[PDB]
Every structure is written in C-alpha cells, then in structure tokens.
There are 2 protein chains.
Amino acid sequence: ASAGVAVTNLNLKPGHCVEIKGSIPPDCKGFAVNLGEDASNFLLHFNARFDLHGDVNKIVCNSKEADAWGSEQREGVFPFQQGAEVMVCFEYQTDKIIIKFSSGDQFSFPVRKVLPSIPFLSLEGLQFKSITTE
Amino acid sequence: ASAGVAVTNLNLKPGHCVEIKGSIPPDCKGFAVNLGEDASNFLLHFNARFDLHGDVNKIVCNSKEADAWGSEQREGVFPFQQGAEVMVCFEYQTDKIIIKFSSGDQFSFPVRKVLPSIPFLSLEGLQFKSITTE
Ligand SMILES: CC(=O)N[C@@H]1[C@@H](O)[C@H](O[C@@H]2O[C@H](CO)[C@H](O)[C@H](O)[C@H]2O)[C@@H](CO)O[C@@H]1O
Ligand SMILES: CC(=O)N[C@@H]1[C@@H](O)[C@H](O[C@@H]2O[C@H](CO)[C@H](O)[C@H](O)[C@H]2O)[C@@H](CO)O[C@@H]1O
C-alpha cells in the first residue's frame, strides 16, 4: 500500500526469473517480496528483517499455504542498509528458487509446490522501482 | 477487458512516469495499456489497433468511468509492427498524460479526473518484459 505493489498474471514459469529494483524507506523495520498463487498461498515469502519479530539483520524465508505459514528458513547474509536501493533476482526452477543479490551473494530455497507458473507477486515495505522478467 | 499483467498500488504521482516494455505478438489484432483506479475506471485506455473494431492501424485513447467509455481521441501516428517489441512511456501531469514512443513520436491525452496518484495499471495483448517508474 504505502510501499506494496501487487502484480497479478505474472506468469513466471520454470527456468525463468524476475528481478525487482526498489528502495528501502528509512522508517522500515523490514521488507518482503512474495511469490505465489494469491494472497493466501506463497511459494516464497522473502523477508529481510532489520529489527522485526526479534530478528535483527536477518533474512527469513518461508512459504504460505492457506494463510498458514510454513517452516521458516533463515540466512546469515544480509547485504541491505536502510535508505539504500535493492536489487534482488528470483530464479524459478522446478526443484528450487535461487535468490541472487547485486552484491554477488546467493542462496536457494526449496520449491514446496511445483506450479506450472507463478501468477502472483507482491512487495511489502519496498518502494518499487522496476520489475523485469526474462 | 484487461487480461494480461495487472499492477495495483502502482500509485504513479504527478510529475512521474511509467515505462512499459514488451513484445507485440506476431498475430496481434491490437493491444492496450490502462491507467486508472481499477478495472472499471480508467484515466487512460491506450488501444493500438492493428485490425480491430473496423479500425486498421489506428490508436484510440479514451477514459472510462464505472464501465462507461467517454469520448475517443484518435491519433494519426501508428509506430507499431506486429511481432516486434514495444517501449512506451506514460508521463502523468495533472492536466494531461503525455504518451511517448521510443521512435520519438509523442502526443498527449487530457486528464478528465484528477487523481492524487494513479493506483492501477493493466496490459492487454502485450507480452510483458519490464515496468519501470521514475
Ligand atoms: C524464531 C521464530 O519462530 N519466529 C517466528 C516469526 O518469524 C513469525 O513471524 C511471521 O513470520 C512470517 C514468515 O514465516 C512472516 O514474515 C510474517 O510476516 C511474520 O509475522 C511469528 C508468527 O508466526 O512467530 C515467530 O515469532
Ligand atoms: C468509430 C467508432 O466510434 N468506434 C467505436 C469503438 O471504438 C468502440 O470500441 C470500444 O472502444 C473503447 C475505446 O474508446 C475500447 O477500446 C473498447 O474496448 C472498445 O470496444 C465501440 C464500443 O464502445 O463504439 C464504436 O464502435
């Protein structure tokens, strides 16, 4: 809303990727990028937390099924700074989604539901600059 | 009707613009780019008609309020070719929307309802590559 674009009919199929460019509000405790079927089912919820729910400078990744959050996965890397810009790429593969940052860092997250395509994308706490898929 | 990628909470403000990049299918009768508040209320409906509604290689712009279309503005320039990629920018000013083409072609359409920001964007018949805001 404030910072929360939603893309529908994304049509992201295996072997393709979507890159997001945004800027992080100074008053932001964290931002999230969600990839899924709709607002209640996320294949991937990528949440960079600066100071949120007890996590300080930690990336929490999870899936959501029918509004019930899955098994969280946490990552050590955190190449973000408030007020700075952000460039993340998500590469969708049938067996995993690989997240890459402009910083050169990368990690993978398991695909818990093989979908023919990912129709929905939404951002939270991120001021949208550009979205592009290949 | 829209049918293609849709973006909500785009919230394009006066003085800013969106750049849309995509591919025109090789058998495209026409395509459209919509900016408004929702699917039934458009500040601008930009329809490039290759062979559609009796029009051949025509650009027809109009607004829509509660599903009722307003008065059409027709343009003489048609800088598009089927099967090719399009790059079109929309600058939002309070008195008008300037429509710019990569080909340098440019024209404006009047703002018939001044909104503090445009929250919705939708594509029709165009294969999406990137959406960028400035
Ligand atoms: C250590 C731990 O278990 N922490 C969790 C929180 O992460 C969790 O917060 C939600 O987490 C999901 C992702 O799994 C979304 O980020 C959501 O926005 C968060 O509120 C809460 C609630 O499930 O439980 C523990 O605190
Ligand atoms: C010559 C003429 O008046 N033609 C119009 C059509 O343009 C019009 O088609 C609709 O046009 C709006 C744009 O103003 C949208 O593109 C819509 O999708 C079209 O169906 C029709 C119907 O309103 O009216 C005349 O035929």
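Quick notes on this structure:
- Tally, over region B:45-63, of residues that are charged (D, E, K, R), more than 8 Å from ligand 2 (Cβ to nearest atom) and surrounded by fewer than 18 Cβ atoms within 10 Å (Cβ to Cβ): 1
- Positions within region A:83-134 being more than 17 Å from A:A32 (Cβ to Cβ) and of a type in the set (G, A, S), in sequence order: A:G83, A:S102, A:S103, A:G104, A:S108, A:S117, A:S130
- Search result, residues across region A:60-86 that are in a strand (DSSP E or B), of a type outside the set (A, V, I, L, M) and closer than 18 Å to A:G22 by Cβ: A:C61, A:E85
- Scanning region A:87-134 for residues that are touching a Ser or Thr at 6+ places or on another chain (Cβ under 7 Å), within 15 Å of A:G22 (Cβ to Cβ) and not basic (K, R) yields a total of 6.
- Within region A:1-44, the set of residues being away from ligand 1 (no atom under 14 Å from the Cβ), among the charged types (D, E, K, R) and more than 12 Å from the chain's Cα centre (by Cα) comprises A:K13, A:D27, A:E37, A:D38.
- Every condition in (1) more than 14 Å from every other protein chain (Cβ to nearest Cβ); (2) more than 12 Å from the chain's Cα centre (by Cα); (3) of a type in the set (V, I, T) is met by A:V60 except one, and the failing one is (2).
- Taking every residue in region B:58-79 that is touching a residue at least 40 places away in the same chain (Cβ under 8 Å) and pairing it with any residue that is more than 11 Å from ligand 2 (Cβ to nearest atom) and of a type in the set (V, I, T), at least 6 positions away or on another chain, the pairs with Cβ-Cβ distances below 8 Å are B:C61/B:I99.
- Residues in region B:106-129 that are surrounded by fewer than 16 Cβ atoms within 10 Å (Cβ to Cβ), of a type outside the set (V, I, T) and outside any strand (DSSP E or B): B:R112, B:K113, B:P116, B:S117.
- Within the option set A:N47, A:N62, being within 11 Å of ligand 1 (Cβ to nearest atom), within 28 Å of B:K129 (Cβ to Cβ) and of a type in the set (S, T, N, Q) holds for one residue only, A:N47.
- Residues considered: A:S117, A:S108, A:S103. Of these, the only one that is more than 16 Å from ligand 1 (Cβ to nearest atom), among the small types (G, A, S) and closer than 20 Å to B:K129 by Cα is A:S117.
- In region A:1-27, residue farthest from the other protein chains (Cβ to nearest Cβ) [restricted to those that are crowded, with 21+ Cβ neighbours inside 10 Å and not in a strand (DSSP E or B)]: A:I24
- A count restricted to region A:35-65 and to residues that are within 16 Å of A:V114 (Cα to Cα) and of a type outside the set (D, E) stands at 10.
- Qualifying residues in region A:34-44 (those that are assigned to a strand (DSSP E or B) and within 14 Å of chain B (Cβ to nearest Cβ)) - the one nearest to ligand 2 (Cβ to nearest atom): A:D38
- Candidates are the residues of region A:65-85 that are in contact with a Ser or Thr (Cβ under 7 Å, 6 or more places away or on another chain) and either within 23 Å of A:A3 (Cα to Cα) or among the aliphatic types (A, V, I, L, M) (or both); the one that is farthest from ligand 1 (Cβ to nearest atom) is A:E85.
- Selected residue [within 14 Å of chain B (Cβ to nearest Cβ) and on the phi > 0 side of the Ramachandran plot] from A:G125, A:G83: A:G125
So basically every Cβ, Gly included, is an ideal-geometry build from the backbone, and we count neighbours across all protein chains shown. Quick note: the coordinates plus some simple rules give every number you see, no bench work behind them.
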